[PDB]
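Presented below is the structure to which this report refers.
We place every Cβ from the backbone using ideal geometry, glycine too, and count neighbours over all the protein chains shown. Please treat every number below as a calculation from the coordinates, not as lab data.
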Amino acid sequence: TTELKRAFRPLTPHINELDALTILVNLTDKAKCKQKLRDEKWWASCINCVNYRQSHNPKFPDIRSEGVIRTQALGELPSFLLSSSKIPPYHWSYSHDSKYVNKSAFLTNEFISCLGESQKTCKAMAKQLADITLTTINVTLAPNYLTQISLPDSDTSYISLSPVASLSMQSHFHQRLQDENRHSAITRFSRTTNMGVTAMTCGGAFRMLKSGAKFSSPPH
RNA sequence: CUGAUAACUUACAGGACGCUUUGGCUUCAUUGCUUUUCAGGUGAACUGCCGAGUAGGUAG
């Protein structure tokens, strides 16, 4: 049952339609008859979880920060550069809550598309349609824990920047560096359930990119 | 105007006990290094006395 749980989680590649949706209801619990139960309260909890699904995690280094980001990189950079626009943007995850990391598994596991994108079904679609709200940014720069960077834009002018970690990139460097032990540099983060769903998959070990061997110096 | 601004990882420790590597052995035949070769600066710092003197002193 763990190999079935790791597959719907975003740090594994993707994977009968009657079998799959009964799994996703049982993942929200902390059997085929537990799926047939339809609590009204359960639905509005899962509706909140598709709201706080995020493309890029503001709360990466610091778990006390607060924000929602569901955008795509603006424009396309040249071939000698690399960012989140070149890799296909679908490994997105859930944040903002520790109690609802299980209840987000119904509408955000994204078996490539996502389920979040009789009377209850009509009502559920209306909430999802009105509360999908594609491509939002909700940050307040007043009382939270963000980084702020001024760079000389154009001339005699500056722009403040706040870098945010990208979840499609973190899944890409983690999955590919399983084989290479030489170029991987594991960094561990505590309070894993507060971080997000994308940290609970790897357990805290994020598997960074280490620059080959040690530095040496020819006489130049 | 720097993933900006701020930042004490600390304490304690017995790896030990035991140990046969050995036996045998043919490196060996042959052999032409040869030919030719100016180191020069020496005009000069001499001639007497004393002394038993290959000793040792002094005169112009």
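Would you mind stating whether A:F80 is aromatic (F, W, Y) and either touching a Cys at 6+ places or on another chain (Cβ under 9 Å) or within 16 Å of RNA strand B (Cβ to nearest atom) (or both)?
no
Can you confirm whether A:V50 is among the aliphatic types (A, V, I, L, M), within 16 Å of RNA strand B (Cβ to nearest atom) and under 17 Å from A:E117 (Cβ atoms)?
No, not satisfied.
Within the group A:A20, A:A7, A:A73, which residue is out of contact with any helix residue (DSSP H, G or I) (no Cβ under 8 Å at 6 or more places or on another chain), on the phi < 0 side of the Ramachandran plot and within 16 Å of RNA strand B (Cβ to nearest atom)?
After applying the criteria, what remains is A:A73.
Consider A:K127 carefully, then state whether it is loosely packed, with under 15 Cβ neighbours inside 10 Å and either more than 28 Å from A:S85 (Cβ to Cβ) or among the polar types (S, T, N, Q) (or both).
In short, no.
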